[PDB]
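Undergrad: Below is the file model24.cif, which contains mmCIF, C-alpha atoms.
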data_upload
loop_
_atom_site.group_PDB
_atom_site.id
_atom_site.type_symbol
_atom_site.label_atom_id
_atom_site.label_comp_id
_atom_site.auth_asym_id
_atom_site.auth_seq_id
_atom_site.Cartn_x
_atom_site.Cartn_y
_atom_site.Cartn_z
ATOM 1 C CA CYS A 24 -32.812 -12.657 -19.228
ATOM 2 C CA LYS A 25 -32.196 -10.684 -22.414
ATOM 3 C CA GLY A 26 -34.282 -11.529 -25.469
ATOM 4 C CA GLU A 27 -34.314 -10.300 -29.070
ATOM 5 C CA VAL A 28 -37.536 -10.719 -31.053
ATOM 6 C CA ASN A 29 -37.348 -10.671 -34.855
ATOM 7 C CA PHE A 30 -40.353 -9.117 -36.592
ATOM 8 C CA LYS A 36 -37.411 -4.827 -36.883
ATOM 9 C CA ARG A 37 -35.381 -6.477 -34.129
ATOM 10 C CA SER A 38 -36.852 -5.530 -30.746
ATOM 11 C CA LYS A 39 -34.922 -6.048 -27.524
ATOM 12 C CA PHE A 40 -36.359 -6.830 -24.101
ATOM 13 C CA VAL A 41 -35.230 -8.201 -20.747
ATOM 14 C CA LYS A 42 -37.206 -10.578 -18.547
ATOM 15 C CA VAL A 43 -36.673 -9.332 -14.990
ATOM 16 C CA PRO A 44 -38.727 -10.215 -11.894
ATOM 17 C CA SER A 45 -39.703 -7.812 -9.151
ATOM 18 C CA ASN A 46 -37.285 -6.985 -6.326
ATOM 19 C CA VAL A 47 -34.356 -6.950 -8.773
ATOM 20 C CA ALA A 48 -31.657 -4.254 -8.501
ATOM 21 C CA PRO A 49 -32.931 -1.030 -10.115
ATOM 22 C CA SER A 50 -29.398 0.319 -10.507
ATOM 23 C CA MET A 51 -28.310 -2.906 -12.180
ATOM 24 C CA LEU A 52 -31.448 -2.939 -14.337
ATOM 25 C CA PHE A 53 -30.975 0.660 -15.474
ATOM 26 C CA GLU A 54 -27.254 0.311 -16.158
ATOM 27 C CA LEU A 55 -27.677 -3.034 -17.924
ATOM 28 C CA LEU A 56 -30.335 -1.464 -20.140
ATOM 29 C CA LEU A 57 -28.215 1.605 -20.912
ATOM 30 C CA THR A 58 -25.141 -0.483 -21.702
ATOM 31 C CA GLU A 59 -27.037 -3.075 -23.761
ATOM 32 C CA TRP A 60 -29.092 -0.807 -25.991
ATOM 33 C CA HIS A 61 -26.547 2.060 -26.029
ATOM 34 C CA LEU A 62 -29.148 4.754 -25.430
ATOM 35 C CA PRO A 63 -28.123 8.387 -24.836
ATOM 36 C CA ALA A 64 -28.564 9.887 -21.366
ATOM 37 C CA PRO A 65 -32.119 11.296 -21.240
ATOM 38 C CA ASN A 66 -32.856 14.871 -20.265
ATOM 39 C CA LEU A 67 -36.314 14.000 -18.906
ATOM 40 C CA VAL A 68 -38.439 10.891 -18.304
ATOM 41 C CA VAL A 69 -42.251 10.794 -18.295
ATOM 42 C CA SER A 70 -44.443 7.846 -17.339
ATOM 43 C CA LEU A 71 -47.877 6.783 -18.544
ATOM 44 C CA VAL A 72 -50.230 5.495 -15.852
ATOM 45 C CA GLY A 73 -53.634 5.042 -17.546
ATOM 46 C CA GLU A 74 -54.632 2.067 -19.705
ATOM 47 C CA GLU A 75 -58.440 2.183 -19.846
ATOM 48 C CA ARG A 76 -58.991 1.088 -23.436
ATOM 49 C CA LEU A 77 -62.685 1.794 -22.850
ATOM 50 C CA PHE A 78 -61.953 5.502 -22.341
ATOM 51 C CA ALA A 79 -61.360 6.783 -25.869
ATOM 52 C CA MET A 80 -59.062 9.752 -26.333
ATOM 53 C CA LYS A 81 -60.832 13.085 -26.757
ATOM 54 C CA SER A 82 -60.077 13.725 -30.416
ATOM 55 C CA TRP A 83 -59.128 17.407 -30.271
ATOM 56 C CA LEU A 84 -57.691 17.063 -26.764
ATOM 57 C CA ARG A 85 -55.704 13.991 -27.816
ATOM 58 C CA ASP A 86 -54.402 15.650 -30.975
ATOM 59 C CA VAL A 87 -53.334 18.658 -28.907
ATOM 60 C CA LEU A 88 -51.540 16.500 -26.346
ATOM 61 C CA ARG A 89 -49.806 14.495 -29.080
ATOM 62 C CA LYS A 90 -48.703 17.622 -30.935
ATOM 63 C CA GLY A 91 -47.374 19.151 -27.723
ATOM 64 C CA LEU A 92 -45.456 16.009 -26.798
ATOM 65 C CA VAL A 93 -44.002 15.713 -30.304
ATOM 66 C CA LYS A 94 -42.966 19.369 -30.345
ATOM 67 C CA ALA A 95 -41.322 19.141 -26.925
ATOM 68 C CA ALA A 96 -39.592 15.838 -27.694
ATOM 69 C CA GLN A 97 -38.181 16.727 -31.109
ATOM 70 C CA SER A 98 -35.889 19.326 -29.501
ATOM 71 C CA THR A 99 -34.917 18.592 -25.885
ATOM 72 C CA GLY A 100 -35.043 14.801 -25.755
ATOM 73 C CA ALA A 101 -36.835 12.623 -23.235
ATOM 74 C CA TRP A 102 -37.949 9.086 -22.424
ATOM 75 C CA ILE A 103 -41.352 7.409 -22.146
ATOM 76 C CA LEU A 104 -42.784 4.774 -19.800
ATOM 77 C CA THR A 105 -45.898 3.323 -21.441
ATOM 78 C CA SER A 106 -46.916 -0.344 -21.230
ATOM 79 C CA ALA A 107 -45.625 -3.286 -23.267
ATOM 80 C CA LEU A 108 -47.822 -4.670 -26.067
ATOM 81 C CA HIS A 109 -50.260 -1.774 -25.814
ATOM 82 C CA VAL A 110 -53.663 -2.634 -27.285
ATOM 83 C CA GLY A 111 -55.954 0.030 -25.801
ATOM 84 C CA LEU A 112 -55.796 3.811 -25.894
ATOM 85 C CA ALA A 113 -51.999 3.743 -25.668
ATOM 86 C CA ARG A 114 -51.781 1.387 -28.670
ATOM 87 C CA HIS A 115 -52.736 3.936 -31.314
ATOM 88 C CA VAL A 116 -50.804 6.862 -29.855
ATOM 89 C CA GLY A 117 -47.787 4.563 -29.909
ATOM 90 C CA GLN A 118 -48.247 3.839 -33.604
ATOM 91 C CA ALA A 119 -48.695 7.554 -34.285
ATOM 92 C CA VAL A 120 -45.420 8.309 -32.489
ATOM 93 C CA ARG A 121 -43.745 5.540 -34.483
ATOM 94 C CA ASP A 122 -45.108 7.104 -37.676
ATOM 95 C CA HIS A 123 -43.667 10.448 -36.578
ATOM 96 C CA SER A 124 -40.301 8.793 -35.926
ATOM 97 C CA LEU A 125 -39.947 7.829 -39.592
ATOM 98 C CA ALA A 126 -40.512 11.344 -40.964
ATOM 99 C CA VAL A 132 -31.930 14.253 -30.100
ATOM 100 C CA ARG A 133 -34.338 11.312 -30.124
ATOM 101 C CA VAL A 134 -36.982 9.847 -27.814
ATOM 102 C CA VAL A 135 -37.416 6.073 -27.530
ATOM 103 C CA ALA A 136 -40.754 4.747 -26.308
ATOM 104 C CA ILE A 137 -40.583 1.932 -23.747
ATOM 105 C CA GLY A 138 -43.214 -0.688 -22.934
ATOM 106 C CA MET A 139 -43.436 -2.471 -19.578
ATOM 107 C CA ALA A 140 -45.960 -5.166 -18.691
ATOM 108 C CA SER A 141 -46.390 -8.408 -16.780
ATOM 109 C CA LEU A 142 -45.870 -11.706 -18.580
ATOM 110 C CA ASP A 143 -49.216 -13.138 -17.414
ATOM 111 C CA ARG A 144 -51.562 -11.105 -19.619
ATOM 112 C CA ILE A 145 -49.208 -11.211 -22.620
ATOM 113 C CA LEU A 146 -50.297 -13.475 -25.460
ATOM 114 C CA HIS A 147 -47.911 -16.164 -26.734
ATOM 115 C CA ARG A 148 -46.292 -15.834 -23.311
ATOM 116 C CA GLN A 149 -45.495 -19.548 -23.345
ATOM 117 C CA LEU A 150 -44.154 -19.205 -26.894
ATOM 118 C CA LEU A 151 -42.063 -16.210 -25.813
ATOM 119 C CA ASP A 152 -40.746 -18.212 -22.850
ATOM 120 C CA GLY A 153 -39.603 -20.764 -25.448
ATOM 121 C CA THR A 160 -35.001 -16.607 -32.613
ATOM 122 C CA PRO A 161 -37.667 -15.168 -34.936
ATOM 123 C CA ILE A 162 -40.743 -14.355 -32.829
ATOM 124 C CA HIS A 163 -43.776 -13.519 -34.967
ATOM 125 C CA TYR A 164 -47.046 -12.437 -33.368
ATOM 126 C CA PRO A 165 -49.298 -11.298 -36.225
ATOM 127 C CA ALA A 166 -52.426 -10.641 -34.170
ATOM 128 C CA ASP A 167 -54.818 -8.143 -35.745
ATOM 129 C CA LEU A 175 -53.880 -12.073 -24.204
ATOM 130 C CA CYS A 176 -51.914 -9.060 -25.489
ATOM 131 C CA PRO A 177 -50.306 -8.646 -28.929
ATOM 132 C CA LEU A 178 -47.263 -6.447 -29.605
ATOM 133 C CA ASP A 179 -46.737 -3.657 -32.134
ATOM 134 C CA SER A 180 -43.763 -1.891 -33.706
ATOM 135 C CA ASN A 181 -44.287 0.859 -31.120
ATOM 136 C CA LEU A 182 -42.156 -1.348 -28.836
ATOM 137 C CA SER A 183 -38.879 -0.970 -30.702
ATOM 138 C CA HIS A 184 -37.364 -1.651 -27.290
ATOM 139 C CA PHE A 185 -39.419 -3.656 -24.814
ATOM 140 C CA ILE A 186 -39.469 -4.294 -21.067
ATOM 141 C CA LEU A 187 -40.903 -7.485 -19.599
ATOM 142 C CA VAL A 188 -41.401 -8.684 -16.040
ATOM 143 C CA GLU A 189 -42.352 -12.176 -14.873
ATOM 144 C CA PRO A 190 -42.355 -12.395 -11.058
ATOM 145 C CA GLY A 196 -47.894 -9.603 -8.037
ATOM 146 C CA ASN A 197 -49.558 -6.495 -9.443
ATOM 147 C CA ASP A 198 -48.311 -4.521 -6.445
ATOM 148 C CA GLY A 199 -44.958 -6.106 -7.248
ATOM 149 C CA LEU A 200 -45.030 -4.507 -10.693
ATOM 150 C CA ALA A 201 -46.137 -1.207 -9.148
ATOM 151 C CA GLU A 202 -43.215 -1.197 -6.710
ATOM 152 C CA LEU A 203 -40.926 -2.291 -9.551
ATOM 153 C CA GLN A 204 -41.867 0.722 -11.669
ATOM 154 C CA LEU A 205 -41.643 2.890 -8.545
ATOM 155 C CA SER A 206 -38.126 1.637 -7.833
ATOM 156 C CA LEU A 207 -37.068 2.334 -11.410
ATOM 157 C CA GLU A 208 -38.528 5.835 -11.047
ATOM 158 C CA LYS A 209 -36.792 6.528 -7.739
ATOM 159 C CA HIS A 210 -33.478 5.232 -9.084
ATOM 160 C CA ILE A 211 -33.812 7.548 -12.085
ATOM 161 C CA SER A 212 -34.350 10.431 -9.640
ATOM 162 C CA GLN A 213 -30.967 9.507 -8.171
ATOM 163 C CA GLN A 214 -27.917 11.514 -7.099
ATOM 164 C CA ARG A 215 -25.054 13.085 -9.092
ATOM 165 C CA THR A 216 -23.689 9.778 -10.519
ATOM 166 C CA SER A 222 -21.565 18.224 -11.656
ATOM 167 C CA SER A 223 -24.622 16.597 -10.115
ATOM 168 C CA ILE A 224 -27.063 15.397 -12.774
ATOM 169 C CA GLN A 225 -30.663 14.550 -11.902
ATOM 170 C CA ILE A 226 -33.077 13.458 -14.637
ATOM 171 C CA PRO A 227 -36.625 14.615 -13.754
ATOM 172 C CA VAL A 228 -39.433 12.052 -13.753
ATOM 173 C CA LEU A 229 -43.105 12.823 -14.316
ATOM 174 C CA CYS A 230 -46.213 10.653 -14.137
ATOM 175 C CA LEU A 231 -49.225 11.152 -16.405
ATOM 176 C CA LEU A 232 -52.564 9.892 -15.057
ATOM 177 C CA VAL A 233 -55.117 9.423 -17.852
ATOM 178 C CA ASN A 234 -58.498 7.788 -17.078
ATOM 179 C CA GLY A 235 -56.908 4.998 -15.069
ATOM 180 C CA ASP A 236 -58.369 2.108 -13.124
ATOM 181 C CA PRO A 237 -59.247 2.331 -9.417
ATOM 182 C CA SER A 238 -56.001 0.452 -8.765
ATOM 183 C CA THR A 239 -54.089 3.388 -10.277
ATOM 184 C CA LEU A 240 -55.261 5.409 -7.281
ATOM 185 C CA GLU A 241 -53.591 2.966 -4.892
ATOM 186 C CA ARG A 242 -50.605 2.973 -7.246
ATOM 187 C CA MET A 243 -50.393 6.749 -6.928
ATOM 188 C CA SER A 244 -50.180 6.181 -3.178
ATOM 189 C CA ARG A 245 -46.931 4.278 -3.697
ATOM 190 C CA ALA A 246 -45.684 7.218 -5.747
ATOM 191 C CA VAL A 247 -46.806 9.784 -3.158
ATOM 192 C CA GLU A 248 -44.203 8.459 -0.722
ATOM 193 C CA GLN A 249 -41.541 8.482 -3.467
ATOM 194 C CA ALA A 250 -41.763 12.286 -3.983
ATOM 195 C CA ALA A 251 -42.900 11.939 -7.592
ATOM 196 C CA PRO A 252 -44.350 15.037 -9.294
ATOM 197 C CA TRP A 253 -47.709 13.887 -10.598
ATOM 198 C CA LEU A 254 -49.811 15.269 -13.414
ATOM 199 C CA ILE A 255 -53.494 14.636 -14.048
ATOM 200 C CA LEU A 256 -55.969 15.848 -16.666
ATOM 201 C CA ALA A 257 -59.364 17.402 -15.959
ATOM 202 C CA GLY A 258 -61.175 15.972 -18.999
ATOM 203 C CA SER A 259 -59.212 12.783 -19.738
ATOM 204 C CA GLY A 260 -61.654 10.498 -17.955
ATOM 205 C CA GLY A 261 -63.701 9.770 -14.885
ATOM 206 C CA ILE A 262 -60.890 8.844 -12.504
ATOM 207 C CA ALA A 263 -58.753 11.910 -13.170
ATOM 208 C CA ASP A 264 -61.787 14.206 -13.234
ATOM 209 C CA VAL A 265 -63.036 13.013 -9.847
ATOM 210 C CA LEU A 266 -59.519 13.177 -8.392
ATOM 211 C CA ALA A 267 -59.518 16.826 -9.460
ATOM 212 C CA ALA A 268 -62.292 17.409 -6.904
ATOM 213 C CA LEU A 269 -61.502 14.847 -4.176
ATOM 214 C CA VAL A 270 -58.078 16.031 -3.018
ATOM 215 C CA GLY A 271 -59.020 19.634 -3.784
ATOM 216 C CA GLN A 272 -61.723 19.380 -1.117
ATOM 217 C CA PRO A 273 -59.896 17.996 1.943
ATOM 218 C CA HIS A 274 -62.453 15.894 3.822
ATOM 219 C CA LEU A 275 -61.315 13.676 6.684
ATOM 220 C CA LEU A 276 -64.404 11.465 6.385
ATOM 221 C CA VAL A 277 -66.375 11.441 3.135
ATOM 222 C CA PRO A 278 -67.271 7.791 2.378
ATOM 223 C CA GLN A 279 -70.702 8.670 0.989
ATOM 224 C CA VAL A 280 -69.161 11.448 -1.102
ATOM 225 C CA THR A 281 -66.634 9.007 -2.566
ATOM 226 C CA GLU A 282 -69.487 6.571 -3.188
ATOM 227 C CA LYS A 283 -71.543 9.194 -5.034
ATOM 228 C CA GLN A 284 -68.457 10.165 -7.024
ATOM 229 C CA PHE A 285 -67.588 6.605 -8.052
ATOM 230 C CA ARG A 286 -71.232 6.163 -9.035
ATOM 231 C CA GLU A 287 -70.995 9.377 -11.041
ATOM 232 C CA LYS A 288 -67.767 8.293 -12.758
ATOM 233 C CA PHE A 289 -67.953 4.852 -14.387
ATOM 234 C CA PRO A 290 -70.586 3.070 -12.253
ATOM 235 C CA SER A 291 -69.880 -0.186 -14.078
ATOM 236 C CA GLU A 292 -69.397 -2.388 -10.985
ATOM 237 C CA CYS A 293 -70.746 -1.736 -7.493
ATOM 238 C CA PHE A 294 -68.208 -1.331 -4.697
ATOM 239 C CA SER A 295 -68.397 -2.441 -1.085
ATOM 240 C CA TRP A 296 -68.620 0.318 1.513
ATOM 241 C CA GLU A 297 -65.526 -1.210 3.134
ATOM 242 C CA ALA A 298 -63.392 -0.917 0.010
ATOM 243 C CA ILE A 299 -64.789 2.592 -0.426
ATOM 244 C CA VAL A 300 -63.584 3.559 3.052
ATOM 245 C CA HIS A 301 -60.244 1.919 2.266
ATOM 246 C CA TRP A 302 -59.848 4.017 -0.906
ATOM 247 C CA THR A 303 -61.017 7.047 1.075
ATOM 248 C CA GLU A 304 -58.038 6.413 3.352
ATOM 249 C CA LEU A 305 -55.720 6.551 0.334
ATOM 250 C CA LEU A 306 -57.457 9.750 -0.779
ATOM 251 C CA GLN A 307 -56.723 11.271 2.621
ATOM 252 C CA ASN A 308 -53.123 10.085 2.290
ATOM 253 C CA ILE A 309 -52.561 11.461 -1.225
ATOM 254 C CA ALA A 310 -54.276 14.803 -0.578
ATOM 255 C CA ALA A 311 -51.913 15.281 2.375
ATOM 256 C CA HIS A 312 -49.167 15.907 -0.223
ATOM 257 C CA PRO A 313 -50.661 18.665 -2.402
ATOM 258 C CA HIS A 314 -47.371 20.214 -3.480
ATOM 259 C CA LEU A 315 -46.082 17.321 -5.574
ATOM 260 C CA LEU A 316 -49.158 17.043 -7.810
ATOM 261 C CA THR A 317 -51.431 19.569 -9.528
ATOM 262 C CA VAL A 318 -54.189 19.483 -12.170
ATOM 263 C CA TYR A 319 -54.630 21.683 -15.248
ATOM 264 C CA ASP A 320 -57.657 21.965 -17.532
ATOM 265 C CA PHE A 321 -56.458 21.191 -21.054
ATOM 266 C CA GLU A 322 -59.880 21.289 -22.715
ATOM 267 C CA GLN A 323 -60.228 24.753 -21.153
ATOM 268 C CA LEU A 329 -47.951 22.236 -22.250
ATOM 269 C CA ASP A 330 -44.256 22.191 -21.413
ATOM 270 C CA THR B 331 -79.526 27.376 -34.033
ATOM 271 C CA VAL B 332 -81.368 26.733 -30.773
ATOM 272 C CA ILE B 333 -83.825 24.587 -32.705
ATOM 273 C CA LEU B 334 -81.052 22.256 -33.799
ATOM 274 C CA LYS B 335 -79.550 22.442 -30.315
ATOM 275 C CA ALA B 336 -82.741 21.182 -28.694
ATOM 276 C CA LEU B 337 -83.232 18.602 -31.432
ATOM 277 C CA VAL B 338 -79.810 17.059 -30.934
ATOM 278 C CA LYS B 339 -80.393 17.265 -27.195
ATOM 279 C CA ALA B 340 -83.454 15.076 -27.711
ATOM 280 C CA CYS B 341 -81.616 12.676 -30.009
ATOM 281 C CA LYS B 342 -78.736 12.235 -27.564
ATOM 282 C CA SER B 343 -81.019 11.978 -24.537
ATOM 283 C CA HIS B 344 -82.969 8.951 -25.763
ATOM 284 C CA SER B 345 -79.950 6.954 -26.890
ATOM 285 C CA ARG B 346 -76.320 7.092 -27.960
ATOM 286 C CA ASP B 347 -76.094 5.644 -31.463
ATOM 287 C CA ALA B 348 -75.062 6.450 -35.007
ATOM 288 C CA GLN B 349 -78.125 6.380 -37.203
ATOM 289 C CA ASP B 350 -80.444 8.828 -35.430
ATOM 290 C CA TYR B 351 -77.657 11.345 -34.893
ATOM 291 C CA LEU B 352 -76.912 10.753 -38.573
ATOM 292 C CA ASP B 353 -80.349 11.997 -39.542
ATOM 293 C CA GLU B 354 -80.044 15.007 -37.248
ATOM 294 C CA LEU B 355 -76.658 15.706 -38.804
ATOM 295 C CA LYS B 356 -78.135 15.501 -42.287
ATOM 296 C CA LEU B 357 -80.491 18.241 -41.165
ATOM 297 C CA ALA B 358 -77.508 20.189 -39.862
ATOM 298 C CA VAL B 359 -75.763 19.872 -43.222
ATOM 299 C CA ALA B 360 -78.927 21.229 -44.786
ATOM 300 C CA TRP B 361 -78.563 24.377 -42.678
ATOM 301 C CA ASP B 362 -74.744 24.461 -42.944
ATOM 302 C CA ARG B 363 -74.284 25.112 -39.224
ATOM 303 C CA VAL B 364 -71.205 22.912 -39.323
ATOM 304 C CA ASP B 365 -69.491 24.716 -36.458
ATOM 305 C CA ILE B 366 -71.982 24.436 -33.609
ATOM 306 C CA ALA B 367 -73.549 21.213 -34.847
ATOM 307 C CA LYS B 368 -70.318 19.283 -35.319
ATOM 308 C CA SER B 369 -69.126 20.624 -31.978
ATOM 309 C CA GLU B 370 -72.228 19.213 -30.288
ATOM 310 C CA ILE B 371 -72.012 15.902 -32.133
ATOM 311 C CA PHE B 372 -68.370 14.914 -32.445
ATOM 312 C CA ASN B 373 -66.945 16.373 -29.269
ATOM 313 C CA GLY B 374 -69.428 13.962 -27.690
ATOM 314 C CA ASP B 375 -68.932 10.387 -26.584
ATOM 315 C CA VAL B 376 -70.608 9.024 -29.715
ATOM 316 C CA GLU B 377 -68.401 7.024 -32.081
ATOM 317 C CA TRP B 378 -68.598 7.350 -35.860
ATOM 318 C CA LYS B 379 -67.503 4.862 -38.500
#
Since I need it in another form, could you write the structure as structure tokens?
TA:
Amino acid sequence: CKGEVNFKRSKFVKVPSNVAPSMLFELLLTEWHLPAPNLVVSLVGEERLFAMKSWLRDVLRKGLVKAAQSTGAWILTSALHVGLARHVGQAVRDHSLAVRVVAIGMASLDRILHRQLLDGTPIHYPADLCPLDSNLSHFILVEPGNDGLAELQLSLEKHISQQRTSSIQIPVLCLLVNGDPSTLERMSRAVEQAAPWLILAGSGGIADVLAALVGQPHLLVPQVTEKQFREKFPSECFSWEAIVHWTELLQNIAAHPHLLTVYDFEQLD
Amino acid sequence: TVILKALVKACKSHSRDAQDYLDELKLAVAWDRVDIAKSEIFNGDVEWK
């Protein structure tokens, strides 16, 4: 379901979950005629409420720009970013005007604004429930469950970590930046896929608490997880049952300490 | 220095808002302790417009 939106012509494909990742990847490559990427990195946090630490954010952006201007890599942010990712995307687009990296946006059709209009070719969306920006020069859309989208992104990741296809293997990295609680469960799905994770000490509450949780391996710590969640963003109260359920995922993730590690940036390639 | 440190501690403790921190920052500008003062203020969660 290929679509071209005229605004700068931006391409996208409507693809539901449980669709061939090999076919998706090869169709995308062939369609947009991208060059084979040396490295792929994936954004995982979309808490618009958590504003980027100005100096920390500038440092991260400068480091990413410096790394990407030379080696070449690919990005996996969300489609029609409006939160924290929104502005970093426009900054990267600004950099692009003045080896090449192409940002990619993936999202579900449900939350997207004009989603009925898009499902039915100049497409203009001049919005000052998600508007698009020129950051999505190429776009990725799905219209199937939230876990479905998680497994979809996971399948794309795993298929990028594929075999020779002179064996060539393009490394994939995940960046966890002040995510939702769901991101934690999402990381679980990545833990089984052997995905090297990266988290930030000072990005936000979720990553900061994760820095302590897995580091201290506790079989049973439901009250500790409760006190932590109350410490970090106590916006909505959680049931003790769901807290034990997330504690189970904490025990599962911590069991794989090699694949992920945390570094204190406020304290690069 | 410590005087301003405690003062901004008090300002931040009561509330997180522009105007009061603005007055404290005007004081800071008076003493030209831009380094430590701006570090305390702007590295913080407070948002400026």
Undergrad: The PyMOL selection byres ((chain A) within 12 of (chain B)) - which residues does that actually catch in the file I just gave you? List them as a tab-separated table (two decimals) with C-alpha atoms, in the frame of the given file.
TA:
chain	number	residue	atom	x	y	z
A	77	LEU	CA	-62.68	1.79	-22.85
A	78	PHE	CA	-61.95	5.50	-22.34
A	79	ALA	CA	-61.36	6.78	-25.87
A	80	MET	CA	-59.06	9.75	-26.33
A	81	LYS	CA	-60.83	13.08	-26.76
A	82	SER	CA	-60.08	13.72	-30.42
A	83	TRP	CA	-59.13	17.41	-30.27
A	84	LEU	CA	-57.69	17.06	-26.76
A	85	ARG	CA	-55.70	13.99	-27.82
A	258	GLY	CA	-61.18	15.97	-19.00
A	260	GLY	CA	-61.65	10.50	-17.95
A	322	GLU	CA	-59.88	21.29	-22.72
Undergrad: Can you pull out every residue within 12 Å of residue 346 of chain B, counting only C-alpha atoms, but drop anything in the same chain fewer than 5 positions away, and send it as JSON, numbers by chain?
TA: {"B": [338, 339, 340, 341, 351, 352, 371, 374, 375, 376, 377, 378]}
Undergrad: Specify as a list in words each residue included when the PyMOL selection byres ((chain A and resi 300) around 12) is applied to this file.
TA: residues 275, 276, 277, 278, 279, 280, 281, 282, 294, 295, 296, 297, 298, 299, 301, 302, 303, 304, 305, 306 and 307 of chain A
Undergrad: Using atom CA of residue 104 of chain A and atom CA of residue 135 of chain A as the two end points, give the distance in Å to one decimal.
TA: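 So the two atoms, atom CA of residue 104 of chain A and atom CA of residue 135 of chain A, lie 9.5 Å apart.
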Undergrad: Out of B:363, B:379, B:335, B:368, which residue has the shortest atom-to-atom distance to residue 348 of chain B when counting all atoms listed in the file?
TA: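 Checking each of B:363, B:379, B:335, B:368 against residue 348 of chain B, counting all atoms listed in the file, the winner is B:379.
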Undergrad: With the file shown as input, list the residues that the PyMOL selection byres ((chain A and resi 123) around 12) selects, as a PDB file with C-alpha atoms, in the frame of the given file.
TA:
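The result, written out as part_38.pdb:
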ATOM      1  CA  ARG A  89     -49.806  14.495 -29.080  1.00  0.00           C
ATOM      2  CA  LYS A  90     -48.703  17.622 -30.935  1.00  0.00           C
ATOM      3  CA  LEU A  92     -45.456  16.009 -26.798  1.00  0.00           C
ATOM      4  CA  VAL A  93     -44.002  15.713 -30.304  1.00  0.00           C
ATOM      5  CA  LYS A  94     -42.966  19.369 -30.345  1.00  0.00           C
ATOM      6  CA  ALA A  96     -39.592  15.838 -27.694  1.00  0.00           C
ATOM      7  CA  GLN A  97     -38.181  16.727 -31.109  1.00  0.00           C
ATOM      8  CA  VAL A 116     -50.804   6.862 -29.855  1.00  0.00           C
ATOM      9  CA  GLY A 117     -47.787   4.563 -29.909  1.00  0.00           C
ATOM     10  CA  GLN A 118     -48.247   3.839 -33.604  1.00  0.00           C
ATOM     11  CA  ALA A 119     -48.695   7.554 -34.285  1.00  0.00           C
ATOM     12  CA  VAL A 120     -45.420   8.309 -32.489  1.00  0.00           C
ATOM     13  CA  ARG A 121     -43.745   5.540 -34.483  1.00  0.00           C
ATOM     14  CA  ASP A 122     -45.108   7.104 -37.676  1.00  0.00           C
ATOM     15  CA  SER A 124     -40.301   8.793 -35.926  1.00  0.00           C
ATOM     16  CA  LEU A 125     -39.947   7.829 -39.592  1.00  0.00           C
ATOM     17  CA  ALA A 126     -40.512  11.344 -40.964  1.00  0.00           C
ATOM     18  CA  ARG A 133     -34.338  11.312 -30.124  1.00  0.00           C
ATOM     19  CA  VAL A 134     -36.982   9.847 -27.814  1.00  0.00           C
ATOM     20  CA  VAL A 135     -37.416   6.073 -27.530  1.00  0.00           C
ATOM     21  CA  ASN A 181     -44.287   0.859 -31.120  1.00  0.00           C
TER      22      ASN A 181
END
Undergrad: With only C-alpha atoms as the basis for distance, which of A:56, A:329, A:229, A:310 is at the shortest distance from residue 209 of chain A?
TA: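 Answer, going by the shortest atom-to-atom distance: A:229.
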Undergrad: Grab the atom CA of residue 53 of chain A to atom CA of residue 236 of chain A distance for me, in Å with one decimal place.
TA: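 Those two atoms sit 27.5 Å apart.
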Undergrad: Please report the interatomic distance between atom CA of residue 243 of chain A and atom CA of residue 113 of chain A in Å with one decimal.
TA: 19.0 Å
Undergrad: Would you list the contacts of residue 99 of chain A as a list in words, taking every protein, DNA or RNA residue within 8 Å and counting all atoms listed in the file, but skipping same-chain residues closer than 3 positions in sequence?
TA: residues 66, 95, 96 and 132 of chain A
Undergrad: Counting only C-alpha atoms, figure out which residue out of A:152, A:320, A:287, A:208 gets nearest to residue 256 of chain A.
TA: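 Once distances to residue 256 of chain A are computed over only C-alpha atoms, the minimum belongs to A:320.
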Undergrad: Need to verify the contact set: residue 224 of chain A, 12 Å, all atoms listed in the file, exclusion of same-chain residues closer than 3 positions in sequence. Can you return it as a list in words?
TA: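 The residues that qualify are residues 64, 65, 66, 67, 211, 212, 213, 214, 215, 216 and 227 of chain A.
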Undergrad: For each of A:183, A:70, A:105, A:238, take the minimum atom-to-atom distance to residue 255 of chain A, counting only C-alpha atoms, then give the residue where this is smallest.
TA: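 Distance minimum relative to residue 255 of chain A lands on A:70.
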Undergrad: Nearest to residue 63 of chain A: which of A:28, A:86, A:100, A:323 is it, counting all atoms listed in the file?
TA: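 Going through A:28, A:86, A:100, A:323 one by one, the smallest distance to residue 63 of chain A is for A:100.
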Undergrad: Check the smallest atom-to-atom distance from each of A:51, A:150, A:186, A:315 to residue 204 of chain A using all atoms listed in the file, then report the winner.
TA: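 Nearest to residue 204 of chain A: A:186.
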